[PDB]
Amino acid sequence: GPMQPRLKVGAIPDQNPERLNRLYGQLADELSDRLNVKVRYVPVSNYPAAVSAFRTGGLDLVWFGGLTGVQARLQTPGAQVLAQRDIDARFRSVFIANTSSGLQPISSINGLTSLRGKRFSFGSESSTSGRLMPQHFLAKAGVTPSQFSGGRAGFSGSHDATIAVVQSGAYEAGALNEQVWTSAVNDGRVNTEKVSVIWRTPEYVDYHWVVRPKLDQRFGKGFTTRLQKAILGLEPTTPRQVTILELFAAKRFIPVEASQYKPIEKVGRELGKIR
């Protein structure tokens, strides 16, 4: 192009878009200052749109969940995994219940049978922490979504929306991203009288940065490495970096290898999300 190259950063829309606009707009400015290239945050309206925009080149660098990042990489030969938060290596879901539902804390996976007959909400259909891994753990206890009230699960579309519909009593129970839950409790965004945690899943890997191939052709030899180092270099030294790391609820970003997503890919194929 006679136009100078711009890096398009995206993220799955996993929470309130106002909070994501603040986070990714601050991050785009931080990456822009560290790389000396124009960086823009481009929002998408749902999880699949992030996969699709990445596959077709509408996004260059995307904050994906486990399932969406595995999908994006399988459909985009040469895409690479750059980084994840410290917390993404040992991620969990919380199962939450409205305190009028009569659900008690569960002490084992086998106790998930208590959710039979209950109005249950997942997050996005494509969510690792909000759908895929919760559905996986439910299946191990012998619970399938057909056994919920109405013969199916709700899909709220986001971790924030799962808290909202359980808190409101529209659903009795749901599952979501533990970091979003913990940040919501700490911020006063959830009424802990109305909503409580009844179970935490075992650990799995979840969020990661995925980058399109051939960025070095657009931005120059070494750019992809410099981009990775910029993410890995984020540190709570300036107000802007403190804000980014606060909103990610991370102390740092760390390297990650594609091979650590093999278990997520397997669950995705078992539950029919990956063809």
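In this text, residue numbers run from 1 along the sequence as written.
Please compare 62-70 with 26-34 and say which has the higher mean C-alpha temperature factor in the record.
Result of the comparison: 26-34.
Of 191-199 and 127-135, the stretch whose C-alpha atoms average the higher B-factor in the entry:
According to the PDB entry, the answer is 191-199.
Going by the deposited entry, which of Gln84, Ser156, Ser183, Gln104 has the highest CA temperature factor?
Of the candidates given, the C-alpha B-factor peaks at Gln104.
Just to confirm, going by the entry's C-alpha B-factors, which of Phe95, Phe148, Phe122, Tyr204 comes out highest?
Comparing C-alpha B-factors across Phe95, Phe148, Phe122, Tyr204, the maximum falls on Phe148.
Would you please rank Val166 by its C-alpha temperature factor against the other modelled residues of its chain and give the third it falls in: lowest, middle or highest?
Middle third - that is where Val166 ends up once the chain's C-alpha B-factors are sorted.
Ordered by C-alpha B-factor within the chain, which third holds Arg269? Give me lowest, middle or highest, please.
According to the entry, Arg269 has a C-alpha B-factor in the chain's middle third.
Ranked C-alpha temperature factor of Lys221 among modelled chain residues, by third
Within its chain, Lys221 is a highest-third residue by C-alpha B-factor, going by the deposited values.
Please say which third, lowest, middle or highest, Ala173 falls into when its CA temperature factor is compared across its chain.
CA B-factor rank for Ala173: middle third.
Taking the entry's C-alpha B-factors for this chain, is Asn21 in the lowest, middle or highest third?
Its C-alpha B-factor, which the entry lists for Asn21, ranks in the middle third among residues of this chain.
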